[PDB]
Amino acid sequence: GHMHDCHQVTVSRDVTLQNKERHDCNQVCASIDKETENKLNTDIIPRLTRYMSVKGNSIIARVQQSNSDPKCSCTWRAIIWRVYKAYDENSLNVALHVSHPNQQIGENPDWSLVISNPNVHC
């Protein structure tokens, strides 16, 4: 019944883009694929580095859809392989919106974070 000291995190970006034009939402969302990567590497990973046992994440991937809705729901997911279990899902989510302390202007409202697998080693 071995015990797990790290957990695996899926960090997600969730953006709604205007599509008054009624184009493919894969193509509308693709517009800010590069933005999302640059945001992942320059802000999101850095501010979660503190919590990882070992540096290590998957390449951020967009979720394919099949629609042309007036508002496009765009979602990217990346996986961070090992984060100390000591840091709960809530504290990791907070780390996304707040850095400097007592802060009131939240950042990255578009970003969220789950535990993808409770049972990882470091």
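In this text, residue numbers run from 1 along the sequence as written.
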item	value
Stretch with the greater mean C-alpha B-factor as recorded in the entry, comparing 94-102 against 9-17	94-102
B-factor third for the C-alpha atom of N119 within its chain	highest
Assigned third (lowest, middle, highest) for the C-alpha B factor of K34	highest
CA B-factor placement of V28, once the chain's modelled residues are sorted into thirds	middle
Third assignment of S66 from its chain's C-alpha B-factors	lowest
Third of chain Cα B-factors occupied by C72	highest
